[PDB]
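Next up is one chain by itself, shown in C-alpha cells, the form deposited in one PDB entry.
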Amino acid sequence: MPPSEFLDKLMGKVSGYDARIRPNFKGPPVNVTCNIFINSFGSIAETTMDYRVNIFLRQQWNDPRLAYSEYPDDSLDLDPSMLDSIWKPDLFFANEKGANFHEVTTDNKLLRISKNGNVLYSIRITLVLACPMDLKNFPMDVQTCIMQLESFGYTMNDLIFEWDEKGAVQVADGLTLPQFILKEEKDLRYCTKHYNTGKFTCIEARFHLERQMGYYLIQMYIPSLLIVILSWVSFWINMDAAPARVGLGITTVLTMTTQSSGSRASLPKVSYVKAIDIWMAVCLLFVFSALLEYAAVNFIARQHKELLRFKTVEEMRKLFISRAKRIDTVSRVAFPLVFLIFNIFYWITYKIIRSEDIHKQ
C-alpha cells in the first residue's frame, strides 16, 4: 500500500471527517490528557508581576474515525503540516500575555496517530504568564506561580481536561534559575471555571519558587551594617570637635536614607510593610539616635559653659562635665549590644515565619 494514498485517505475528501465536528458527537465528552515539559524557565519580574516559560505542551485524545487497520505499524508518525484537520482541541491559558508560536525553519509541531485512534499532539510555545506575588516578606519568601489551562468555547459536558497520570510536569535536566530555587514537588489541581455562558473545564499547576538570600545579604544587609558601625565610630571622637561629630552623624543618616530609597526602586508599589522596610527603619533609627545622643551631649556641655561664663557653680561644672562624659561612656558600650539584640530577634522571627510559610505550602 502506497504511503501517500493512505495518508491522503485519512484526510480524504471522499471519506467523511469534517474537522469542524468533534469526535463522538452527541455522545460522551472527549477526554484530553495533557502533560507539559518545561524547556526553559526564567525572566521573573517583580515589578511587571510576570514570568516567562517555554514549554512543550502535549495533548492526548482519542478519535474513533482516525482508527486504521490497513498498516500493521502502530506508531505512524506524520508530517506536522497536515494538522489542519485533526480536530485540534481548543485550549488557552487563562492568565497569559504573548503566547507566540515558533515558526523557525518549520513549524514546531508533532502529530502522531496510533492504531486505535489515539492522537499525540505536541507544540512548543513561550508563555508570558502573569502571577500575583505576595511581597510581605520581600528578602526571604516563597512565591507560588500558577499556570491555568482552560477550554474556550466547549462546555464541561462537551470537553474535559485531565492531568496526565504519570509525569504531568517535567522539568528539563540542568535547568536552573539565577535568582530563585524551584521546588521539586508540584501541585496538580483542577478548578472549574464558571461563567454566565456555562462551565468550562480548567486544570492548573502550581510551581513553588524559593528566593535565594545570597544576593540580598551582600547587596543590602552588609552595607547597612557598615553605616551603623560608622555611626558607632562617632562616639570615640572628642565631644569638643562639634563639626566632626555632627557631620559624621548627618552623613550616616543621609547615606542610610539614600540606600533605603535606592534599594526598593526595583519593586512594585505595594501598600503593605515589608521585612526590608522593618530592617531599614530600625537601622535608620539607630543612626538617628546616635545623632540625637551627640546633640544631648553638646547641650549638656553648653549648659556647663553657660554656668561657667555669664552659688555652687564649680560643683555644677563637675556634675555637667561628668554627666556628658558618662553619656559617652555608657553610649559606646550600650549601642552595639542593643543592636545585637535587635539583630538576633529579627533573624529568629523571620526564620520561624519562613518556616511557617514552608509549613503551610
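The numbering used is simple: start at 1 and walk along the sequence shown.
Engineer: Please report whether at least a third of the other compared entries leave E306 without coordinates.
Structural biologist: Residue status for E306: gap in at least one third of the other entries.
Engineer: Please classify the unmodelled stretch of the deposited sequence between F310 and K311: none, 1 to 3, 4 to 9, or 10 or more residues.
Structural biologist: Gap size class: 10 or more residues without coordinates, per the record.
The form deposited in another entry exists for this protein as well; it is not shown, and the discussion that follows is about that form.
Engineer: Would you say whether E96 and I250 lie in a single rigid part, where the chain moves as two parts between this form and the one not shown?
Structural biologist: No, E96 and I250 sit in separate rigid parts between this form and the one not shown.
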